[PDB]
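Encoded as structure tokens, the structure appears first; notes follow it.
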Amino acid sequence: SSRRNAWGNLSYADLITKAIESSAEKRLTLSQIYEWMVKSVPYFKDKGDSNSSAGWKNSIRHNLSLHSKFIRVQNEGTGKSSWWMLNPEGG
DNA sequence: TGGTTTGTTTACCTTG
DNA sequence: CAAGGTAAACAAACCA
Ligand SMILES: [Ca+2]
Ligand SMILES: [Cl-]
């Protein structure tokens, strides 16, 4: 009752923002964001396997695409997925 | 090849 | 209504 969600008061977008800001280069691929969640948010420490992360990972992809505060940056690297970063121009 | 990952959207509930 | 969390439909790109 003192916390919006199980993991705390931060929204998914806030958590993504934190993960990104935590990197020296201020950019992370989707899987690095997943990694950061499982290593940094107590609540997800265990929800990391295949059968249990399906849902929150869906929520993360959803948040990345929906909010303009996050921009997708091309990574050819042949087969590598996009770098996700905070929109310079704000949300 | 066929299953998985990454991304984009739209929909559905619940709160405030 | 708006915001968020959660589901899900779809498809291009990957990859075992
Ligand atoms: Ca976006
Ligand atoms: Cl697409």
Side-chain angles (χ1 to χ4, degrees), chain A residues 1-38 40-44 46-50 52-88 90-91:
Chain A
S1 70
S2 62
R3 66 174 55 202
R4 290 198 194 63
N5 323 287
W7 59 80
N9 292 322
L10 306 205
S11 67
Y12 272 115
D14 294 333
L15 292 179
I16 291 157
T17 294
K18 289 235 300 175
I20 288 168
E21 294 177 325
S22 89
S23 62
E25 278 166 56
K26 311 309 178 193
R27 62 177 191 186
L28 290 181
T29 51
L30 177 64
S31 61
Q32 290 177 304
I33 292 173
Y34 293 154
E35 280 164 42
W36 182 93
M37 287 283 282
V38 170
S40 316
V41 184
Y43 183 76
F44 301 88
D46 53 306
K47 289 86 162 182
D49 60 290
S50 181
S52 54
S53 62
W56 64 262
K57 282 182 176 170
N58 186 333
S59 292
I60 292 293
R61 296 192 300 282
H62 168 78
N63 272 271
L64 285 171
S65 293
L66 185 63
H67 311 290
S68 53
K69 69 177 294 175
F70 306 123
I71 62 160
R72 190 168 65 79
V73 173
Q74 171 58 50
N75 190 342
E76 155 99 8
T78 309
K80 299 199 190 309
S81 73
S82 308
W83 287 116
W84 287 98
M85 60 198 300
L86 295 173
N87 190 310

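Naming convention: chains lettered A, B, ... in sequence-line order (proteins, then strands); numbering from 1 in each chain. Computation of the quantities below employed the complete heavy-atom set of this structure, encompassing side-chain atoms and omitting hydrogens, waters and symmetry-equivalent molecules.
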Is A:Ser82 touching bases, backbone alone, or none of the nucleic acid, heavy atoms closer than 4.0 Å? sugar-phosphate

Is A:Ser65 touching bases, backbone alone, or none of the nucleic acid, heavy atoms closer than 4.0 Å? base

Do [X] and [Y] touch side chain to side chain, with heavy atoms closer than 4.5 Å?
{"X": "A:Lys69", "Y": "A:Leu86", "answer": "yes"}
{"X": "A:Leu64", "Y": "A:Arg72", "answer": "no"}
{"X": "A:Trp83", "Y": "A:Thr29", "answer": "yes"}
{"X": "A:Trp84", "Y": "A:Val73", "answer": "no"}

Aromatic ring proximity A:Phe44/A:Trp36, centre distance under 6.0 Å: no

Sugar-phosphate means primed atoms, P, OP1 and OP2; the rest is base. With that split, encode nucleotides 1-16 of chain C 5' to 3' as B, S or - using protein heavy atoms under 4.0 Å. ----SBBB-----SS-

A:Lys26 side chain to A:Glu21 main-chain N or O, any donor-acceptor pair under 3.5 Å? yes

Indicate whether the side chain of A:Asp14 and that of A:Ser11 have a donor and an acceptor atom separated by less than 3.5 Å. yes

Nearest-Å distance for atom pair [atom1]/[atom2], residues [X] and [N]:
{"X": "A:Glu35", "N": "B:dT5", "atom1": "CD", "atom2": "P", "result": "14 Å"}
{"X": "A:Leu64", "N": "B:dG7", "atom1": "CG", "atom2": "P", "result": "8 Å"}
{"X": "A:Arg72", "N": "B:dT5", "atom1": "CZ", "atom2": "P", "result": "19 Å"}
{"X": "A:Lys57", "N": "B:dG7", "atom1": "NZ", "atom2": "P", "result": "14 Å"}
{"X": "A:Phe70", "N": "B:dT8", "atom1": "CZ", "atom2": "P", "result": "13 Å"}

Parallel, tilted or perpendicular, as decided by the 30° and 60° cut-offs, for the rings of A:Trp7 and A:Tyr12: tilted

Any A:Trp84 side-chain nitrogen or oxygen under 4.0 Å from OP1 or OP2 of B:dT6: no

If we fit an axis to the first five pairs and another to the last five of the helix from B:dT1-C:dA16 to B:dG16-C:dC1, what angle do they make, to the nearest 10°? 20°

Using the rule that two of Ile, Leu, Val, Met, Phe, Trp, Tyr join whenever any of their side-chain heavy atoms come within less than 4.5 Å, decide whether A:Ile60 and A:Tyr43 are in one cluster. yes

